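To start, the structure under review is shown below, and the notes come after it.
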Amino acid sequence: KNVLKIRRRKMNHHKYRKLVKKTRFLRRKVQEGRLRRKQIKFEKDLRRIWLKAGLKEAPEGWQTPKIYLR
Amino acid sequence: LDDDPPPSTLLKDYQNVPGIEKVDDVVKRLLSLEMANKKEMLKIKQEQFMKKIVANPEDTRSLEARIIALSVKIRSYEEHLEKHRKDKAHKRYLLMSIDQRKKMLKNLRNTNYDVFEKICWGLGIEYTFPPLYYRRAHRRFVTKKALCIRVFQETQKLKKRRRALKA
Amino acid sequence: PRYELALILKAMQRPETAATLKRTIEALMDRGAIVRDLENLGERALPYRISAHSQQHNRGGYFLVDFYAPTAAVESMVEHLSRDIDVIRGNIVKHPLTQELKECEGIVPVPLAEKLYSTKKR
Amino acid sequence: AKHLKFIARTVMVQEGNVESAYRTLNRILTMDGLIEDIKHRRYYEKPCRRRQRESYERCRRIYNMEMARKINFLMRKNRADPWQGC
Amino acid sequence: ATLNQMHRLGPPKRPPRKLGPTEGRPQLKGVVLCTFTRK
RNA sequence: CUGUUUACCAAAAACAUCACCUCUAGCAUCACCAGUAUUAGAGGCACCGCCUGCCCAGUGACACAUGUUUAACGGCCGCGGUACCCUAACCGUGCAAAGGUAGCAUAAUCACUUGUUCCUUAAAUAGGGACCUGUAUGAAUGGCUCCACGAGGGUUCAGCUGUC
RNA sequence: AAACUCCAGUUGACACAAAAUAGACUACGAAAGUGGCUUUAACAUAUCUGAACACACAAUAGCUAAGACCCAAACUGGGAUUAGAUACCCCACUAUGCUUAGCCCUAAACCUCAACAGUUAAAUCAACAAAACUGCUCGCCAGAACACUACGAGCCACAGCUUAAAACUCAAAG
Ligand SMILES: C[NH+](C)c1cc(NC(=O)CNC(C)(C)C)c(O)c2c1C[C@H]1C[C@H]3[C@H]([NH+](C)C)C(O)=C(C(N)=O)C(=O)[C@@]3(O)C(O)=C1C2=O
Ligand SMILES: [K+]
Ligand SMILES: [K+]
Ligand SMILES: [K+]
Ligand SMILES: [K+]
Ligand SMILES: [Mg+2]
Ligand SMILES: [Mg+2]
Ligand SMILES: [Mg+2]
Ligand SMILES: [Mg+2]
Ligand SMILES: [Mg+2]
Ligand SMILES: [Mg+2]
Ligand SMILES: [Mg+2]
Ligand SMILES: [Mg+2]
Ligand SMILES: [Mg+2]
Ligand SMILES: [Mg+2]
Ligand SMILES: [Mg+2]
Ligand SMILES: [Mg+2]
Ligand SMILES: [Mg+2]
Ligand SMILES: [Mg+2]
Ligand SMILES: [Mg+2]
Ligand SMILES: [Mg+2]
Ligand SMILES: [Mg+2]
């Protein structure tokens with residue numbers, strides 16, 4: 001079999017790795033905003049729970065841990 | 001639960017040999033577990049468990065005897081791994097033996113509950129019922145539920161404080 | 001179980017070899033060994049130059065110790081011989097007479113393998 | 001080496017026939033594999049390459065020994081044709 | 001697939017037919033914005 | 001980050017600092033230390049996260065046998081031409097120890113300049129986000145992010161009020 | 001050429017590196033993998049199949065420390081070649097290859113051929129390849145390319161991996 005179909009993936013992958021290298025700092029800034037919005041979205045969900053369960057405040061002694069951090 | 005087999009006991013092959021009581025003291029220790037491999041000790045341990053539990057001591061192809069024989073291996077693998085923490089091949093042999101025993105124990109339980117109870121007692125095996133859903137407990141989950149349990153406990157302590165309002 | 005100690009000594013004189021052999025046999029006994037026999041294979045020239053304990057050896061007395069010991073005694077005896085400066089080389093092996101040789105039936109010549117390729121006209 | 005010298009790979013020269021001695025030495029080294037091993041040991045032959053070469057040589061020996069066996073088997077029939085003309 | 005697999009999966013469903021430029025409409029009414037030629 | 005400072009015009013972005021790294025030292029009866037290289041001294045830098053590129057020619061240290069050494073002092077290119085213009089993947093030539101890498105960039109930073117654009121006001125030489133790109137940004141003289149923190153500097157919603 | 005010239009050549013002493021021959025053998029292991037010697041421990045299941053909501057593994061290369069240093073070596077620097085040579089050739093040297101303790105979880109991880117039970121009878125049988133098939137089960141596939149991609153999610157992974165699309169385009173791709 002020829003390798004004409006491997007060579008397409010070969011170039012795709014090569015270009016992608018070079019693209020990530022060129023933009024790894026732009027991509028990092030975008031990824032930090034995403035994990036930040038992700039933690040907010042998580043807290044809303046937990047908040048929504050106890051508000052729907054009638055409770056007016058968070059359970060006594062509860063803190064929402066920052067699960068989306070390094 | 002920690003009963004260690006005596007080390008002087010004779011090999012399973014020379015136990016019945018008649019007249020062995022008249023041999024020299026040296027010959028007794030040449031035919032003992034002191035001068036034998038670790039596998040020779042496992043034959044005696046299996047023999048003791050089999051005579052204790054199995055109704056017919058000579059039946060080796062019975063579901064009971066197999067569980068006994070498999071439990072002695074599980075014991076032998078666990079001790080091996082206590083010294084060799086990175087022996088991944090023997091780590092795999094342990095986890096497969098354990099699943100094969102649960103498989104034997106599930107069958108015995110469903111066929112002969114009488115002897116199933118005898119096995120679980122003699123070998124100190126606690127049969128557990130397999131969990132239904134094998135789900136991964138990642139952080140988001142492990143926190144959601146941890147909160148949802150605390151919320152429920154709080155709502156519990158508001159009916160208590162609302163029946164005291166009927167008063 | 002049964003072992004054999006292939007013991008190369010330092011080509012000494014009788015008092016020293018007897019002294020050295022006695023040490024080794026006691027150290028086996030001290031670790032729970034039942035010594036079965038002692039054999040003298042004779043002082044030969046070494047197949048090659050063995051450097052042991054800051055000495056260059058060319059000759060040595062070959063001995064064999066047939067003994068029974070618990071499996072844990074092997075590591076301890078191995079380490080003991082490391083520190084004896086009259087041993088050129090010592091190795092403990094399972095006794096060769098413990099293993100029973102299975103009866104062999106004979107060389108069976110291998111027929112040419114067949115049906116490796118389809119019988120089509122290429 | 002810790003071994004004795006002038007024992008291994010050593011050939012005695014007869015009647016000053018150096019050419020014949022060196023020739024027999026070469027044969028010994030070749031017949032034992034030493035020559036070919038030294039040549040392959042000049043550059044590192046990677047494990048993938050070593051396996052590709054050993055497979056090739058072993059497929060070659062089989063074919064070569066089977067062709068040699070067929071040539072030797074049919075050598076008897078190279079004699080003169082007995083029915084020349086029909 | 002086996003019969004057990006063919007049961008577990010069910011019918012072959014269907015790709016939701018993608019709409020066309022006319023958005024599934026016989027015709028459409030537009031306002032000319034510019035006129036040009038393309039080769 | 002808590003801390004520290006110009007008692008009496010500066011409390012700070014300055015210093016220290018956890019951390020990281022460079023240098024020196026094989027040893028006792030007064031510091032270090034009644035210690036002993038996982039130690040102890042001399043310094044840099046500044047938690048952490050991502051990193052910390054290239055240069056040993058010069059000057060210093062060390063080796064003083066050809067040398068080694070930048071988390072030592074320091075440094076880190078030109079002149080012409082080529083896709084309308086812009087720019088040059090590219091081309092020619094020269095020069096250096098190496099030719100400023102990764103980042104970051106309308107600002108504690110600012111020729112033009114109050115750039116341009118998007119937000120923000122009715123109105124912005126303010127502030128925020130970007131883009132342009134650097135007379136003279138740039139990697140422990142640390143570079144770039146980020147939690148928390150600050151009588152620090154700046155912008156702001158709402159309210160509040162004799163600030164008006 | 002540059003390089004070395006505290007260098008070469010006999011001889012002696014000397015590994016924490018790697019394991020001629022045997023091996024024309026074809027064994028062990030779930031796969032990855034395993035070929036110097038010794039010893040200890042040790043190679044699951046007395047039906048079969050079966051976890052992409054789970055567990056335990058997984059070459060090489062990488063990452064985090066802490067050591068080792070014979071050689072080999074990305075990078076880098078010189079020598080050479082060339083129109084250029086950021087290569088192929090030469091020399092030198094590093095990460096790395098080793099040990100220990102944790103990660104990372106990927107391969108043309110392919111013998112691209114699933115497990116179990118069977119059949120060479122028929123009509124073998126597109127081509128080629130490693131002959132055509134039956135029962136049973138699981139796992140996978142449904143033009144090309146966008147795409148080992150984006151979003152989302154998980155993950156000790158922050159230039160990562162695993163899952164994984166769509167729009168525009170084409171009349172082919174194979
Ligand atoms: C008068 N020139 C020499 C000058 C002066 C200043 N600033 C000052 O002199 C400031 N003086 C104070 C400190 C206030 C007393 C300057 O600040 C500058 C410049 C030069 C320009 C050159 C610009 C030029 N282009 C974009 C118009 C250009 O091609 C370059 C270049 N490198 O080739 C530039 O970088 C340029 O944009 C630039 O940055 C300049 C200045 O910054
Ligand atoms: K203050
Ligand atoms: K501004
Ligand atoms: K602006
Ligand atoms: K302050
Ligand atoms: Mg003052
Ligand atoms: Mg004061
Ligand atoms: Mg004053
Ligand atoms: Mg003051
Ligand atoms: Mg400071
Ligand atoms: Mg830091
Ligand atoms: Mg630097
Ligand atoms: Mg730059
Ligand atoms: Mg701005
Ligand atoms: Mg200026
Ligand atoms: Mg300027
Ligand atoms: Mg500067
Ligand atoms: Mg400096
Ligand atoms: Mg803090
Ligand atoms: Mg303070
Ligand atoms: Mg402030
Ligand atoms: Mg107001």
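Identifiers in this document derive from the order of the structure tokens: chains are assigned A, B, ..., residues are numbered from 1 separately in each chain, and ligands are numbered from 1 in order of occurrence.
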Open item on the list: I'd like the contact shell of residue 65 (chain G) - 12 Å cut-off, only C-alpha atoms (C1' of nucleotides), skipping same-chain residues fewer than 3 positions apart - returned as a VMD selection string.
Closed with: chain G and resid 100 to 103
Limited to C-alpha atoms (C1' of nucleotides), could you put the picked residues into a file as a PDB file, in the first residue's frame?
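Saved the output as result-v5.pdb:
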```pdb
ATOM      1  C1'   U G 100      16.178   4.953  42.681  1.00  0.00           C
ATOM      2  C1'   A G 101      11.225   7.274  43.776  1.00  0.00           C
ATOM      3  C1'   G G 102       6.953   9.383  41.406  1.00  0.00           C
ATOM      4  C1'   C G 103       4.578  10.893  36.809  1.00  0.00           C
TER       5        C G 103
END
```
Write out as a PDB file with N, CA and C atoms (P, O5', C5', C4', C3', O3' and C1' of nucleotides), in the first residue's frame each polymer residue (protein, DNA or RNA) that has an atom no more than 8 Å from ligand 16, with only C-alpha atoms (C1' of nucleotides) and all ligand atoms counted.
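Here's the written file selection_18.pdb:
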```
ATOM      1  P     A F 111       7.428  58.817  22.159  1.00  0.00           P
ATOM      2  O5'   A F 111       7.453  60.339  21.707  1.00  0.00           O
ATOM      3  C5'   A F 111       8.333  61.273  22.311  1.00  0.00           C
ATOM      4  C4'   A F 111       8.961  62.162  21.273  1.00  0.00           C
ATOM      5  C3'   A F 111       7.993  62.746  20.259  1.00  0.00           C
ATOM      6  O3'   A F 111       7.368  63.923  20.731  1.00  0.00           O
ATOM      7  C1'   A F 111       9.815  61.774  19.123  1.00  0.00           C
ATOM      8  P     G F 134       9.147  50.119  15.854  1.00  0.00           P
ATOM      9  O5'   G F 134       9.900  50.319  17.240  1.00  0.00           O
ATOM     10  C5'   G F 134       9.251  50.998  18.305  1.00  0.00           C
ATOM     11  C4'   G F 134       9.935  50.776  19.630  1.00  0.00           C
ATOM     12  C3'   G F 134      11.458  50.827  19.599  1.00  0.00           C
ATOM     13  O3'   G F 134      11.943  51.537  20.735  1.00  0.00           O
ATOM     14  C1'   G F 134      10.733  48.742  20.488  1.00  0.00           C
ATOM     15  P     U F 135      11.893  53.141  20.759  1.00  0.00           P
ATOM     16  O5'   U F 135      13.310  53.596  20.199  1.00  0.00           O
ATOM     17  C5'   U F 135      13.590  53.596  18.808  1.00  0.00           C
ATOM     18  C4'   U F 135      14.635  54.626  18.453  1.00  0.00           C
ATOM     19  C3'   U F 135      15.964  54.510  19.176  1.00  0.00           C
ATOM     20  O3'   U F 135      16.813  53.549  18.577  1.00  0.00           O
ATOM     21  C1'   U F 135      15.234  56.768  19.189  1.00  0.00           C
TER      22        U F 135
END
```
Open item on the list: What's around residue 87 (chain C) at 12 Å? Count only C-alpha atoms (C1' of nucleotides), leave out sequence neighbours fewer than 4 positions away in its own chain, and write the answer as a VMD selection string.
Closed with: chain C and resid 5 to 12 16 to 17 19 to 21 23 to 24 50 to 53 55 57 59 to 63 78 80 to 83 91
Open item on the list: Applying 12 Å and only C-alpha atoms (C1' of nucleotides), which residues near region 29-36 of chain D remain after dropping the ones on its own chain fewer than 5 positions away? List them as a PyMOL selection string.
Closed with: (chain D and resi 8-11+22-24+41-42) or (chain G and resi 20-22)
Print the selection's residues with N, CA and C atoms (P, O5', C5', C4', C3', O3' and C1' of nucleotides) to a file, as a PDB file, in the first residue's frame.
```pdb
ATOM      1  N   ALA D   8      44.350 -18.624  21.780  1.00  0.00           N
ATOM      2  CA  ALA D   8      43.143 -18.388  21.010  1.00  0.00           C
ATOM      3  C   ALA D   8      43.491 -17.801  19.652  1.00  0.00           C
ATOM      4  N   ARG D   9      42.800 -18.280  18.619  1.00  0.00           N
ATOM      5  CA  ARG D   9      42.926 -17.734  17.270  1.00  0.00           C
ATOM      6  C   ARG D   9      44.378 -17.721  16.805  1.00  0.00           C
ATOM      7  N   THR D  10      45.143 -18.727  17.218  1.00  0.00           N
ATOM      8  CA  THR D  10      46.564 -18.822  16.906  1.00  0.00           C
ATOM      9  C   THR D  10      46.817 -20.014  15.996  1.00  0.00           C
ATOM     10  N   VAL D  11      47.533 -19.773  14.900  1.00  0.00           N
ATOM     11  CA  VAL D  11      47.886 -20.798  13.926  1.00  0.00           C
ATOM     12  C   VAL D  11      49.397 -20.804  13.744  1.00  0.00           C
ATOM     13  N   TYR D  22      47.927 -17.752   7.198  1.00  0.00           N
ATOM     14  CA  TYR D  22      46.947 -16.676   7.286  1.00  0.00           C
ATOM     15  C   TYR D  22      45.633 -17.086   6.635  1.00  0.00           C
ATOM     16  N   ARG D  23      45.707 -17.889   5.576  1.00  0.00           N
ATOM     17  CA  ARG D  23      44.497 -18.372   4.923  1.00  0.00           C
ATOM     18  C   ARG D  23      43.690 -19.272   5.851  1.00  0.00           C
ATOM     19  N   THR D  24      44.358 -20.212   6.524  1.00  0.00           N
ATOM     20  CA  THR D  24      43.655 -21.092   7.452  1.00  0.00           C
ATOM     21  C   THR D  24      43.113 -20.315   8.644  1.00  0.00           C
ATOM     22  N   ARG D  41      29.720  -5.108  13.809  1.00  0.00           N
ATOM     23  CA  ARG D  41      29.923  -4.394  15.056  1.00  0.00           C
ATOM     24  C   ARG D  41      30.606  -3.050  14.865  1.00  0.00           C
ATOM     25  N   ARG D  42      30.938  -2.673  13.630  1.00  0.00           N
ATOM     26  CA  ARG D  42      31.549  -1.370  13.397  1.00  0.00           C
ATOM     27  C   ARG D  42      30.561  -0.246  13.675  1.00  0.00           C
TER      28      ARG D  42
ATOM     29  P     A G  20      24.823 -10.844  23.546  1.00  0.00           P
ATOM     30  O5'   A G  20      26.270 -11.393  23.193  1.00  0.00           O
ATOM     31  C5'   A G  20      26.429 -12.494  22.318  1.00  0.00           C
ATOM     32  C4'   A G  20      27.421 -12.191  21.229  1.00  0.00           C
ATOM     33  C3'   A G  20      27.569 -13.262  20.164  1.00  0.00           C
ATOM     34  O3'   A G  20      26.582 -13.167  19.153  1.00  0.00           O
ATOM     35  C1'   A G  20      29.703 -12.617  20.932  1.00  0.00           C
ATOM     36  P     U G  21      25.397 -14.243  19.082  1.00  0.00           P
ATOM     37  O5'   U G  21      26.145 -15.635  18.906  1.00  0.00           O
ATOM     38  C5'   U G  21      27.101 -15.840  17.880  1.00  0.00           C
ATOM     39  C4'   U G  21      27.998 -17.002  18.212  1.00  0.00           C
ATOM     40  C3'   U G  21      27.287 -18.295  18.574  1.00  0.00           C
ATOM     41  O3'   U G  21      26.965 -19.062  17.425  1.00  0.00           O
ATOM     42  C1'   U G  21      28.994 -17.824  20.165  1.00  0.00           C
ATOM     43  P     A G  22      25.445 -19.322  16.980  1.00  0.00           P
ATOM     44  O5'   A G  22      24.923 -20.450  17.969  1.00  0.00           O
ATOM     45  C5'   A G  22      25.676 -21.622  18.229  1.00  0.00           C
ATOM     46  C4'   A G  22      25.333 -22.178  19.584  1.00  0.00           C
ATOM     47  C3'   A G  22      23.847 -22.330  19.863  1.00  0.00           C
ATOM     48  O3'   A G  22      23.356 -23.581  19.414  1.00  0.00           O
ATOM     49  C1'   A G  22      24.876 -21.153  21.646  1.00  0.00           C
TER      50        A G  22
END
```
Taking only C-alpha atoms (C1' of nucleotides) and all ligand atoms and a cut-off of 12 Å, can you tell me which residues surround ligand 22, written as a PDB file with C-alpha atoms (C1' of nucleotides), in the first residue's frame?
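Saved result, selection32.pdb, follows:
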```pdb
ATOM      1  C1'   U F 156     -15.142  53.370  38.174  1.00  0.00           C
ATOM      2  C1'   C F 157     -21.072  51.642  39.404  1.00  0.00           C
ATOM      3  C1'   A F 158     -24.475  52.716  43.362  1.00  0.00           C
ATOM      4  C1'   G F 159     -25.332  55.517  47.398  1.00  0.00           C
ATOM      5  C1'   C F 160     -24.163  59.326  50.275  1.00  0.00           C
ATOM      6  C1'   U F 161     -23.634  64.000  51.654  1.00  0.00           C
TER       7        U F 161
END
```
How close does chain F get to ligand 20? List, as a tab-separated table, each residue of chain F within 12 Å, its nearest atom pair and the distance in Å to one decimal, counting only C-alpha atoms (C1' of nucleotides) and all ligand atoms.
```
residue	atom	partner	partner_atom_place_in_ligand_line	distance
F:1	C1'	ligand 20	1 (Mg)	9.6
F:2	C1'	ligand 20	1 (Mg)	7.0
F:3	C1'	ligand 20	1 (Mg)	6.9
F:4	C1'	ligand 20	1 (Mg)	9.5
F:11	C1'	ligand 20	1 (Mg)	9.1
F:12	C1'	ligand 20	1 (Mg)	11.1
F:149	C1'	ligand 20	1 (Mg)	8.8
F:150	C1'	ligand 20	1 (Mg)	6.4
F:151	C1'	ligand 20	1 (Mg)	9.1
F:152	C1'	ligand 20	1 (Mg)	10.1
```
Keeping N, CA and C atoms (P, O5', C5', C4', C3', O3' and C1' of nucleotides), export the residues of the selection given above as a PDB file, in the first residue's frame.
```pdb
ATOM      1  P     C F   1       4.636  41.902  48.904  1.00  0.00           P
ATOM      2  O5'   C F   1       3.632  41.015  49.746  1.00  0.00           O
ATOM      3  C5'   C F   1       2.231  41.124  49.575  1.00  0.00           C
ATOM      4  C4'   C F   1       1.518  40.016  50.300  1.00  0.00           C
ATOM      5  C3'   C F   1       1.636  40.024  51.819  1.00  0.00           C
ATOM      6  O3'   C F   1       0.723  40.891  52.462  1.00  0.00           O
ATOM      7  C1'   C F   1       2.161  37.881  51.020  1.00  0.00           C
ATOM      8  P     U F   2       1.253  42.175  53.256  1.00  0.00           P
ATOM      9  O5'   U F   2       1.549  41.655  54.731  1.00  0.00           O
ATOM     10  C5'   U F   2       0.513  41.199  55.584  1.00  0.00           C
ATOM     11  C4'   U F   2       1.045  40.717  56.912  1.00  0.00           C
ATOM     12  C3'   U F   2       2.006  41.651  57.643  1.00  0.00           C
ATOM     13  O3'   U F   2       1.358  42.663  58.390  1.00  0.00           O
ATOM     14  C1'   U F   2       2.901  39.466  57.599  1.00  0.00           C
ATOM     15  P     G F   3       1.991  44.130  58.525  1.00  0.00           P
ATOM     16  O5'   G F   3       3.552  43.910  58.753  1.00  0.00           O
ATOM     17  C5'   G F   3       4.094  43.537  60.017  1.00  0.00           C
ATOM     18  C4'   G F   3       5.505  43.003  59.903  1.00  0.00           C
ATOM     19  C3'   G F   3       6.609  44.041  59.844  1.00  0.00           C
ATOM     20  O3'   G F   3       6.928  44.562  61.115  1.00  0.00           O
ATOM     21  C1'   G F   3       6.990  42.428  58.172  1.00  0.00           C
ATOM     22  P     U F   4       7.130  46.139  61.309  1.00  0.00           P
ATOM     23  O5'   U F   4       8.451  46.467  60.497  1.00  0.00           O
ATOM     24  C5'   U F   4       9.680  45.818  60.784  1.00  0.00           C
ATOM     25  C4'   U F   4      10.785  46.378  59.941  1.00  0.00           C
ATOM     26  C3'   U F   4      10.834  47.898  59.868  1.00  0.00           C
ATOM     27  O3'   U F   4      11.521  48.458  60.972  1.00  0.00           O
ATOM     28  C1'   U F   4      10.946  46.997  57.689  1.00  0.00           C
ATOM     29  P     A F  11       5.131  58.828  53.994  1.00  0.00           P
ATOM     30  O5'   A F  11       5.030  57.791  52.785  1.00  0.00           O
ATOM     31  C5'   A F  11       5.821  56.626  52.732  1.00  0.00           C
ATOM     32  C4'   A F  11       5.034  55.361  52.972  1.00  0.00           C
ATOM     33  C3'   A F  11       3.897  55.461  53.975  1.00  0.00           C
ATOM     34  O3'   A F  11       2.953  54.414  53.758  1.00  0.00           O
ATOM     35  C1'   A F  11       5.718  54.253  54.917  1.00  0.00           C
ATOM     36  P     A F  12       1.861  54.504  52.596  1.00  0.00           P
ATOM     37  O5'   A F  12       2.677  54.230  51.271  1.00  0.00           O
ATOM     38  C5'   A F  12       3.511  53.095  51.145  1.00  0.00           C
ATOM     39  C4'   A F  12       4.324  53.189  49.888  1.00  0.00           C
ATOM     40  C3'   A F  12       5.025  51.920  49.458  1.00  0.00           C
ATOM     41  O3'   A F  12       4.134  51.044  48.807  1.00  0.00           O
ATOM     42  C1'   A F  12       6.514  53.744  49.286  1.00  0.00           C
ATOM     43  P     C F 149      -7.776  39.454  49.753  1.00  0.00           P
ATOM     44  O5'   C F 149      -6.600  40.297  50.401  1.00  0.00           O
ATOM     45  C5'   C F 149      -6.041  39.934  51.650  1.00  0.00           C
ATOM     46  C4'   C F 149      -4.636  40.439  51.773  1.00  0.00           C
ATOM     47  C3'   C F 149      -4.468  41.929  51.571  1.00  0.00           C
ATOM     48  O3'   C F 149      -4.865  42.678  52.696  1.00  0.00           O
ATOM     49  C1'   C F 149      -2.808  40.786  50.355  1.00  0.00           C
ATOM     50  P     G F 150      -5.401  44.177  52.535  1.00  0.00           P
ATOM     51  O5'   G F 150      -4.105  45.032  52.218  1.00  0.00           O
ATOM     52  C5'   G F 150      -3.047  45.169  53.157  1.00  0.00           C
ATOM     53  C4'   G F 150      -2.067  46.222  52.722  1.00  0.00           C
ATOM     54  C3'   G F 150      -2.667  47.612  52.553  1.00  0.00           C
ATOM     55  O3'   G F 150      -1.702  48.609  52.874  1.00  0.00           O
ATOM     56  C1'   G F 150      -1.798  46.873  50.486  1.00  0.00           C
ATOM     57  P     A F 151      -1.463  49.111  54.375  1.00  0.00           P
ATOM     58  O5'   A F 151      -2.317  50.444  54.486  1.00  0.00           O
ATOM     59  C5'   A F 151      -3.654  50.520  54.018  1.00  0.00           C
ATOM     60  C4'   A F 151      -4.105  51.953  53.954  1.00  0.00           C
ATOM     61  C3'   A F 151      -3.293  52.848  53.020  1.00  0.00           C
ATOM     62  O3'   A F 151      -3.862  52.920  51.729  1.00  0.00           O
ATOM     63  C1'   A F 151      -3.314  53.781  55.196  1.00  0.00           C
ATOM     64  P     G F 152      -3.189  52.207  50.462  1.00  0.00           P
ATOM     65  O5'   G F 152      -2.330  53.353  49.776  1.00  0.00           O
ATOM     66  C5'   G F 152      -1.152  53.875  50.362  1.00  0.00           C
ATOM     67  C4'   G F 152      -0.007  53.856  49.389  1.00  0.00           C
ATOM     68  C3'   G F 152      -0.303  54.369  47.983  1.00  0.00           C
ATOM     69  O3'   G F 152      -0.192  55.775  47.887  1.00  0.00           O
ATOM     70  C1'   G F 152       0.788  52.281  47.838  1.00  0.00           C
TER      71        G F 152
END
```
- [ ] Using DSSP on the backbone, list every residue of chain C that comes out as helix (DSSP H, G or I), and give them as JSON, numbers by chain.
- [x] {"C": [14, 15, 16, 17, 18, 19, 20, 21, 22, 23, 24, 25, 26, 27, 28, 29, 30, 73, 74, 75, 76, 77, 78, 79, 80, 81, 82, 83]}
Open item on the list: I need the residues of chain C that end up classed as strand (DSSP E or B) by DSSP on the backbone, written out as a ChimeraX atom specification.
Closed with: /C:2-9,34-51,56-68,87-94
TODO: Do a neighbour search on residue 39 (chain A) at 10 Å with only C-alpha atoms (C1' of nucleotides), toss out local chain neighbours closer than 4 positions, and write the hits as a list in words.
DONE: residues 34, 35, 43, 44, 45, 64, 65, 66, 67, 68 and 69 of chain A
Task: ligand 8 neighbours within 12 Å using only C-alpha atoms (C1' of nucleotides) and all ligand atoms, as a PyMOL selection string - done: chain F and resi 6-9
TODO: Skip residue 90 (chain G) itself and residues of its chain fewer than 5 positions away, then list as a PyMOL selection string all residues within 10 Å of it, counting only C-alpha atoms (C1' of nucleotides).
DONE: chain G and resi 1-3+79-80
Task: Non-local contacts of residue 57 (chain G) (10 Å; only C-alpha atoms (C1' of nucleotides); under 4 positions in same chain excluded) as number ranges by chain - done: B: 88-89, 91-92; G: 30-32
Store the residues picked out above, limited to N, CA and C atoms (P, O5', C5', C4', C3', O3' and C1' of nucleotides), as a PDB file, in the first residue's frame.
```
ATOM      1  N   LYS B  88       4.448  -6.251  38.772  1.00  0.00           N
ATOM      2  CA  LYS B  88       3.147  -5.982  38.175  1.00  0.00           C
ATOM      3  C   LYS B  88       2.507  -7.243  37.620  1.00  0.00           C
ATOM      4  N   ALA B  89       3.308  -8.239  37.245  1.00  0.00           N
ATOM      5  CA  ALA B  89       2.744  -9.502  36.782  1.00  0.00           C
ATOM      6  C   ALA B  89       2.045 -10.241  37.913  1.00  0.00           C
ATOM      7  N   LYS B  91       0.980  -8.768  40.625  1.00  0.00           N
ATOM      8  CA  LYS B  91      -0.147  -7.920  40.982  1.00  0.00           C
ATOM      9  C   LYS B  91      -1.359  -8.246  40.119  1.00  0.00           C
ATOM     10  N   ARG B  92      -1.134  -8.555  38.844  1.00  0.00           N
ATOM     11  CA  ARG B  92      -2.237  -8.941  37.974  1.00  0.00           C
ATOM     12  C   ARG B  92      -2.771 -10.318  38.342  1.00  0.00           C
TER      13      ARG B  92
ATOM     14  P     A G  30      -0.008 -14.959  30.706  1.00  0.00           P
ATOM     15  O5'   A G  30      -0.383 -14.063  29.446  1.00  0.00           O
ATOM     16  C5'   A G  30      -1.616 -14.226  28.766  1.00  0.00           C
ATOM     17  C4'   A G  30      -2.115 -12.918  28.212  1.00  0.00           C
ATOM     18  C3'   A G  30      -1.104 -12.088  27.437  1.00  0.00           C
ATOM     19  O3'   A G  30      -0.993 -12.492  26.084  1.00  0.00           O
ATOM     20  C1'   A G  30      -2.261 -10.712  28.985  1.00  0.00           C
ATOM     21  P     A G  31       0.433 -12.527  25.354  1.00  0.00           P
ATOM     22  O5'   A G  31       0.695 -11.021  24.916  1.00  0.00           O
ATOM     23  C5'   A G  31      -0.072 -10.420  23.886  1.00  0.00           C
ATOM     24  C4'   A G  31      -0.143  -8.923  24.038  1.00  0.00           C
ATOM     25  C3'   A G  31       1.175  -8.175  23.969  1.00  0.00           C
ATOM     26  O3'   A G  31       1.656  -8.000  22.649  1.00  0.00           O
ATOM     27  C1'   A G  31      -0.066  -7.382  25.803  1.00  0.00           C
ATOM     28  P     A G  32       3.232  -7.894  22.377  1.00  0.00           P
ATOM     29  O5'   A G  32       3.693  -6.640  23.240  1.00  0.00           O
ATOM     30  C5'   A G  32       3.387  -5.314  22.833  1.00  0.00           C
ATOM     31  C4'   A G  32       3.785  -4.305  23.875  1.00  0.00           C
ATOM     32  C3'   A G  32       5.267  -4.230  24.201  1.00  0.00           C
ATOM     33  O3'   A G  32       5.995  -3.453  23.267  1.00  0.00           O
ATOM     34  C1'   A G  32       4.024  -4.297  26.208  1.00  0.00           C
TER      35        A G  32
END
```
Task: Within-12 Å residues of ligand 15, basis only C-alpha atoms (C1' of nucleotides) and all ligand atoms, as a list in words - done: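 My answer, listing the contacting residues, is residues 106, 107, 109, 110, 111, 112, 113, 134, 135 and 136 of chain F.
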Task: Exercise answer, chain G residues close to chain E, 12 Å and only C-alpha atoms (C1' of nucleotides), as a PyMOL selection string - done: chain G and resi 136-142+166-168
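A distance cut-off of 9 Å from ligand 13, applied to only C-alpha atoms (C1' of nucleotides) and all ligand atoms, picks out the residues residues 100, 101, 102, 103, 134 and 138 of chain F.
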- [ ] Rounded to one decimal place, report the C1' of residue 15 (chain F)-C1' of residue 145 (chain F) distance in Å.
- [x]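 These two atoms are separated by 25.6 Å.
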